[PDB]
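Have a look at the structure below, then the notes.
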Amino acid sequence: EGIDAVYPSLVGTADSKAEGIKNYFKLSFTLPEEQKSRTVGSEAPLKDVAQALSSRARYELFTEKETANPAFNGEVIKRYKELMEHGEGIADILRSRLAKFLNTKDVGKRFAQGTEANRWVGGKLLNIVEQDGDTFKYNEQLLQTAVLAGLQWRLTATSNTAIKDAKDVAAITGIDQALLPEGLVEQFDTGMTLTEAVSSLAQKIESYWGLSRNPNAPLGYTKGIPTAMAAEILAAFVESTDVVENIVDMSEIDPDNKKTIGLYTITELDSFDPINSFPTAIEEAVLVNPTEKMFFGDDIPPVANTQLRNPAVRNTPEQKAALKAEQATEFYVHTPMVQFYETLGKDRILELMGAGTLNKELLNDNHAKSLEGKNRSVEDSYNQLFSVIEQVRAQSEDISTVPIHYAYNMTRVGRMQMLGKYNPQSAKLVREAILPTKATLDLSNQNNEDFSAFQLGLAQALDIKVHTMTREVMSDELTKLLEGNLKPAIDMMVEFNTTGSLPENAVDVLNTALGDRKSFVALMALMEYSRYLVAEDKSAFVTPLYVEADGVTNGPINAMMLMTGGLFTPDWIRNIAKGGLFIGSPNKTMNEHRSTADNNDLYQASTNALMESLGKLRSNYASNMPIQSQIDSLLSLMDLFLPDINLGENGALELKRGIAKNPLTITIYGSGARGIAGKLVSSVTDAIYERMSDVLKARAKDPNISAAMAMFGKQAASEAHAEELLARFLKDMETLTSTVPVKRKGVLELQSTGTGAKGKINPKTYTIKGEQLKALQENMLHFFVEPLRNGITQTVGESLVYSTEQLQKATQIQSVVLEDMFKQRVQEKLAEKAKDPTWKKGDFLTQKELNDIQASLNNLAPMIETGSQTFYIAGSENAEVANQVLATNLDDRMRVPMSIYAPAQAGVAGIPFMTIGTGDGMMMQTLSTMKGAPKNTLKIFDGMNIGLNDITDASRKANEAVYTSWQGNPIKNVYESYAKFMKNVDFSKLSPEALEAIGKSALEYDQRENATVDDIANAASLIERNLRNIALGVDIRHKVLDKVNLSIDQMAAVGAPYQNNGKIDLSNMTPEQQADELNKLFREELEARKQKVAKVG
Amino acid sequence: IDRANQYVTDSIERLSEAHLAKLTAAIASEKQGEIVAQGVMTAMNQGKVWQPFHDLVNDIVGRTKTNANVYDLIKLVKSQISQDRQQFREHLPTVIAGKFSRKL
C-alpha cells in the first residue's frame, strides 16, 4: 500500500502470480524511507518547478534555504523562462508518439483485451500508462519529471563524459588497434555512442523519480523501464534539432566489417549565453542532495565510497584519508592571467597556441584531420574556463578572494583524479589561471635567497634543464634570455600592465621571442617578471609562481626497484644512479651528479645500446645482399622524415636520445613488440602527410615548380640535391611495400607480397593503408624493434624482464578461470527459471541472484590486497554474458544491449596495474597523509607544484615519500592471491575453450598441441613457486639496502635530498667494490632465515 | 673417457654448495640425404645454433659482464661436450643402420 497508494490509476494489478495484466513498475520500485526528490506527490512537476524558478524569494521558499546563489540574477531568471517553455513542447511530442504506437497494428486494442503487450522489448513503456476512455495515456507526474531530467542533461552532459583512447575505440569498432584509420579516434570522442547517451540519461531519470529498486525484481524491468524512457526522450530531442545524429559505416573502410555505429552530439549554446553562469538551477531545486554543483568557501565535497566505475571495490580507510586532504585545498583566480586571455581573444589564442585558421584547399586530407583535433582541445578549454569565471565573479566584488574546492576520486590503478573534463589538473590553459599556491618574497636585493627562488621558477618555465646544472650556472643562462630574445616580449608586457592594451602584432612579437619555448606556462613567466619590474615595493612582492618537482624517468626507475630480484650487480648500481639513488655519497643532489659524475639519463643509455644491437644485426646478414638492401631502405626512409635519425656522407648512422622516449615508457606498461612497431610507423606517416601539404602550398605560389623542389625545396641546397632526395623516397616506399621479411626456423627470408606501390601520387588525398600499411609494420618489427628491445633489456636488467613474464602469466591464467565460472553459473540459473511459469525469456536474472554468483567466486581470490590499496584486474562491464536486447523506442530503433558487471580476461593489463598502483600511486597517497605533509600544492601524477616560500622543505618530504613506496613488494601480494586460487581451483570442470587459453600461457608451443588436463594443472603450479622465489629475493634486497647510507633525489628540481640514516659506510668505493659488499649482506640474511626455520680446551 | 667425465662432474657439484641441446639433436637426426651431403658446417650455420654458443664464451672471456661464479660456468661448458658425444657417437650410427631392412 506504500507505492500502491501513490499511483492507484496505473494499468494492471501488483501481483506477480496474477492472471491478467501485471504492473511491473509497482513490482520493481518502492518508496524510500526519507524523501530524495521534491517532485514526488505533485500533480504538475513541469509547472511547480517553473513557478519556483520565477523569482529569488520563491526559489528560496521551495528549496527551504536562507539565501539562494548570488549568480541567480534577473538575466538568468529570464533565460530559464524560455527553457521551461521549450520543455513543454518536448512533452507534446512524446504524447503524440504514444498515440501513434497504440494505433498501428491494433496494439491498444489487443492490450485492452488481456494481451501482455507490456512485456515486449519495445512495449516496456506501457507499465506507466493509465486507462482513459477506450484508450491509454501517460502518467503526468512520471512523464513531466522525466522531461525535467532531460533539460538538465542537455546542459551539462558534454562536460562530464569520459575520454575515449585508442584502446576503447578499437573494442567498439572491432578493428585492430595498430590499424586504426586516421581521425577515427578524434571523431569518436567528439560525440557519444548510443549506449553512452542512453545510459547517462537514464541515470538522471531514476534519480529524479526518487524511488528505490527492489532487490528481488528481475533486471529486465528495474533497468529496462528507465532505459525505455531515456530512448524516447533522446528521440524527441533529435526531432527538435537539439541533438544531431550521425551514422558511420565500418564497411567503407573495412568491407569485411558489417558493423554500424551511430554518434550523437549535443548542439552547444552561445558563449555569451547568461545561462552559462548558473546551469544547475533545475538540479538543485529537485534533489534534496544535489550532485552537480560548484563548491565555494566552506562547502566541502563529500568523500566517495567506491572506486571509479568499479562498484565492487571500496576505498580503503587509508585511501579515504588522502581524498579528504586533497579536497580541503583552496584554489584562487589569478586576475592578471585572466585579463590577458580575454584581451588577446579566442581567435589569437588559437592562432598562437594552436593551428590557427585552416585553408582546406592547400592541405592534405589526413593532415587536416589532425589539425582540427588540436584546435578543438584549445577552444573547448578556453570556453570552459570563462564559464567558471562568470559564476565566481557573482559571489563577491573581489574575484581573487573566493576559495574554490574540487572533488576527487580513486582511479582503478590507485590514482587520485579530479572530477570533470577540463580542470587545473588536466587542462594546461586552466592550470595557469587557477592556482592553489601563493608566496611573499623580498626581491629588493639580487643576492637574497628569496630572489634565487624567483629565478628558479622563471628558468623552469622557459624550458631550461634546471635539474642538470648548479644555481649559479642557471642564473647566468636566464640573464642572457631576459636581455636578449625575450626583451621585446617583456617590453610589450610592461606596457600591458600599466595601460591594458596590446598591439595588433602581439602574436608575431611573442612567436619570435619564444620560438621553441612557446607554452602556456611560459606566458605567466613573462607576465610575472614584467609585474616585478614596475612594482613600487619589491620587498613584499606577492606572486603565484611555482616550481614543479618532476621525477626523472619515474616509470622505469620504479620498476627496477620494486620488481628486481637476485644478487646485486655493478650495472644495476650505475643505472639506478641516474634515477636519483646514490650509495655512499652523503648529501649528494642530482645537480651535482649531472654536472660532474654522469650527464646521460636512462633514455640516452638505451639509445647507445640500440646502436650496438643494430650493428650486430647487420653483421649477421653481411653475406645476404637482399637483406642488406632492405635494412638500408628502412633507415633511409626514417632519415628523411625523422629528426632523430641522421646518415652521414660516409654512411654512418647517428641516433639521438629522443628515439627511445616512447618505446621505453610503454615497454614498462606491458605493451608488446607489435604495439611499439605500430606507433613508430605512425610517426613516419604523420611527417609524410605534412610534407604533402607543403607541395600544395608551393604549387599555388608557382605553378611551374618541379616536383622535386616542391617536396624537398628547403631540405636541399641545390636542385640536383633535391632530385637525389626524390629518387630515394620513391625507391624506398616501393621496396618497403613490395617484400616483407618472414622469420622461420630462426632466420629471416624475404617474401614478396605482390601489392607494391605504383603510380603517380596525389598530394591532396595521398594515403597509406590496407596491405601497404601492414608491409611497413612488418619491416619495422623485424629490423628495428628487435634491436630496440634488446637495448632496453640490457639497461633495465635481465632479472626485471623475468619478473614481468611470470606476473603476466599468473594474472592471465587467474582471469581465464574466473570468466569461465561466471558464465557457467548464470547459464545454470537461467535453466532453472525455465521451469517457472511466472518467468518469460528476456527478464534475465535478479540483482539478488547476481550477487550470489559473485559471492561464490570469493574462494578464488579475485582481488589483490596490499594493506592500503585494492586492485581488481579482471573487473569490467560487458554485454557478452546477457547477449540480449534491453529496450528500444516506439519506432523499433535505438536498440540497447543489456550490459552487466562481469569478469573478463586480463591479457597484458597485469603489468600496468602493479607498476603504477604500487609506484607513483602509493607515493602520492603517502605524501597527502604523512606527518608534516606539504600544504597548498597541486598533485599531478609524478609531479607537484610548490610555492616559492616552501620549495626546500616540500622537496625533501617528496623524496621521503618516494623512499617509503620503495619498501613494498608487489610480487608478494600477487603470490598470496595466486596461492589461494591454486588451492581451490578445479581444472576438470573447465570448458574446452578455456583449457586452450590456459595452455597458451603455461606451456610451450610444442607441448600444448595435445596437452591433457593433468599437464595444464602441473604447469600452472610451477608458476606458483616461481613467484615465491622472486618475492623472497625482493624482500631481502630491501632489508640490506636499509642498513647503508643513501641519498634520494628522485624529485630533482630543487636539490633537497633525503637521507635514510644508515649506519654502514660505503664511501670511497667503486661500483664493483660496492656490489661485493652488498652481496655479503645478502648471503648473511639468507642464512639467518634458514637457521631460524631450522630452530678447558 | 665417459667414466672419467662423470667422476669430474660429480666432484664439482660437491664444491658448489638448455635450448642449443635441442638444435644439435636435429642435426644428428637428419634423414634427407640431399642435406647431409652439404657438410656439417652448412647445417650448423643454417640451424642458427651458433648464437647460444656465443653467449657462454662471452662470459668466459669477459666481454659481457655476468653475476655467475666460476662453478656455474664450468657446469655449463662440460654439459655441452657430453651432449655432442651422446648425439654424434651414439645416435648418428643408429640412423644410418635404420635405412636397411636387414641386420648386417
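For the range A:988-1014, the tally of residues that are surrounded by fewer than 17 Cβ atoms within 10 Å (Cβ to Cβ) and closer than 20 Å to A:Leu818 by Cα stands at 9. Which members of the range A:753-769 meet the condition of being of a type in the set (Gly, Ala, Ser) and either within 14 Å of another protein chain (Cβ to nearest Cβ) or surrounded by fewer than 12 Cβ atoms within 10 Å (Cβ to Cβ) (or both)? A:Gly754, A:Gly759, listed by residue number. May I ask you to verify whether A:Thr952 is surrounded by fewer than 23 Cβ atoms within 10 Å (Cβ to Cβ) and over 20 Å from A:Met418 (Cβ atoms)? When the stated conditions are applied, A:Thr952 passes them. Only a single criterion out of (1) within 21 Å of A:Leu435 (Cβ to Cβ); (2) of a type in the set (A, V, I, L, M); (3) surrounded by 15 or more Cβ atoms within 10 Å (Cβ to Cβ) is not satisfied by A:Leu371, namely (1).
Taking A:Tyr1005, is it among the aromatic types (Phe, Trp, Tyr) and within 22 Å of A:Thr804 (Cα to Cα)? Can you show your working first?
Values: among the aromatic types (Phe, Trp, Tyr): yes; within 22 Å of A:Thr804 (Cα to Cα): yes.
Taking the combined requirement at face value, the residue satisfies it.
Just for the range A:285-312: of the residues that are of a type in the set (A, V, I, L, M) and in a loop (DSSP other than H, G, I, E, B), which one is nearest to A:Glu865 (Cα to Cα)? Only one residue fits best here, namely A:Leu308.
Take the conditions within 38 Å of the chain's Cα centre (by Cα) and of a type in the set (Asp, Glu) and apply them to A:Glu536. Does it pass? For A:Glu536, the condition - within 38 Å of the chain's Cα centre (by Cα) and of a type in the set (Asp, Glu) - is not met. Quick check on the range A:564-621: of everything there that is of a type in the set (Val, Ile, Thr) and within 14 Å of chain B (Cβ to nearest Cβ), which residue is nearest to A:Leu1066 (Cα to Cα)? Selected residue: A:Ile573. For the range A:938-977, a residue qualifies if it is among the hydrophobic types (A, V, I, L, M, F, W, C) and assigned to a helix (DSSP H, G or I), and the qualifying residues are A:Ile951, A:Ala954, A:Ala958, A:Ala961, A:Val962, A:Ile971, A:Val974. Residue-level check: of (1) of a type outside the set (A, V, I, L, M, F, W, C); (2) touching a strand residue (DSSP E or B) at 6+ places or on another chain (Cβ under 6 Å); (3) closer than 30 Å to A:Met944 by Cα, A:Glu318 misses just (2).
Within the range A:727-752, restricting attention to residues that are buried (at least 16 other Cβ atoms within 10 Å of the Cβ) and touching a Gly at 6+ places or on another chain (Cβ under 8 Å), the residue that is farthest from the other protein chains (Cβ to nearest Cβ) is A:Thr737. Within the range A:490-525, the set of residues being more than 28 Å from A:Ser426 (Cα to Cα) and aliphatic (A, V, I, L, M) comprises A:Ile490, A:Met492, A:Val494, A:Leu502, A:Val509.
Please determine whether any residue of the range A:1068-1090 is in contact with a helix residue (DSSP H, G or I) (Cβ under 9 Å, 6 or more places away or on another chain), in a loop (DSSP other than H, G, I, E, B) and not acidic (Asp, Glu). Scanning the range A:1068-1090, I find at least one residue that is in contact with a helix residue (DSSP H, G or I) (Cβ under 9 Å, 6 or more places away or on another chain), in a loop (DSSP other than H, G, I, E, B) and not acidic (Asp, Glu), so the answer is yes. Checked against the criterion of being under 26 Å from A:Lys745 (Cβ atoms), of a type in the set (A, V, I, L, M) and in contact with a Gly (Cβ under 7 Å, 6 or more places away or on another chain), the candidates B:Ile35, B:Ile81, B:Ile27, B:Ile96 yield just one match: B:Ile27. Inspection of the range A:80-90 finds a residue satisfying the criterion of being closer than 30 Å to A:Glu390 by Cβ and among the basic types (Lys, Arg). Within the range A:471-494, count every residue that is buried (at least 16 other Cβ atoms within 10 Å of the Cβ) and polar (S, T, N, Q). Within the range A:471-494, residues that are buried (at least 16 other Cβ atoms within 10 Å of the Cβ) and polar (S, T, N, Q) number 1. Only residues that are surrounded by 13 or more Cβ atoms within 10 Å (Cβ to Cβ), outside any helix (DSSP H, G or I) and touching a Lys or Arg at 6+ places or on another chain (Cβ under 9 Å) were counted across the range A:236-272, and they come to 3.
Residue-wise test of (1) over 30 Å from A:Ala433 (Cβ atoms); (2) among the polar types (S, T, N, Q); (3) surrounded by fewer than 21 Cβ atoms within 10 Å (Cβ to Cβ); (4) more than 32 Å from the chain's Cα centre (by Cα).
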| residue | (1), (2), (3), (4) |
| --- | --- |
| A:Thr498 | no, yes, yes, yes |
| A:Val509 | no, no, yes, yes |
| A:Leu526 | no, no, no, no |
| A:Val542 | no, no, yes, yes |
| A:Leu562 | yes, no, no, no |
| A:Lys578 | yes, no, no, no |
| A:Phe582 | yes, no, no, yes |
| A:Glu592 | yes, no, yes, yes |
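If A:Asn936 satisfies every condition in (1) on the phi < 0 side of the Ramachandran plot; (2) surrounded by 16 or more Cβ atoms within 10 Å (Cβ to Cβ) but one, which is the exception? For A:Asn936, the exception is condition (1). Where helices (runs of 4 or more DSSP H) sit wholly within the range B:1-102, those with at least 2 residues that are within 14 Å of chain A (Cβ to nearest Cβ) occupy B:20-27, B:40-46, B:50-61.
Please work out which residue is nearest to A:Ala559 (Cα to Cα), limiting yourself to the range A:887-917 and to residues that are β-branched (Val, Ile, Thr) and outside any loop (DSSP other than H, G, I, E, B). Can you show your working first?
Initial filter on the range A:887-917 (β-branched (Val, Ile, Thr)): A:888, A:896, A:900, A:908, A:911, A:915-916.
After this cut, where a residue has to be outside any loop (DSSP other than H, G, I, E, B) as well, the list is A:896, A:900, A:911, A:915-916.
Numbers: A:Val896: 42, A:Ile900: 35, A:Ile911: 10, A:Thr915: 6, A:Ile916: 9 Å.
Here the answer is A:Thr915.
The single condition among (1) part of a loop (DSSP other than H, G, I, E, B); (2) among the β-branched types (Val, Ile, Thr); (3) within 30 Å of A:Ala687 (Cβ to Cβ) that A:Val413 does not satisfy is (3). Among the conditions (1) more than 27 Å from A:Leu664 (Cα to Cα); (2) of a type in the set (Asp, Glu); (3) in contact with a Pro (Cβ under 7 Å, 6 or more places away or on another chain), the only one that A:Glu724 does not satisfy is (3).
We did not get these values from a lab; they are worked out from the coordinates using the rules stated. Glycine gets a Cβ as well: all are built from the backbone with ideal geometry, and neighbour counts include every protein chain shown.
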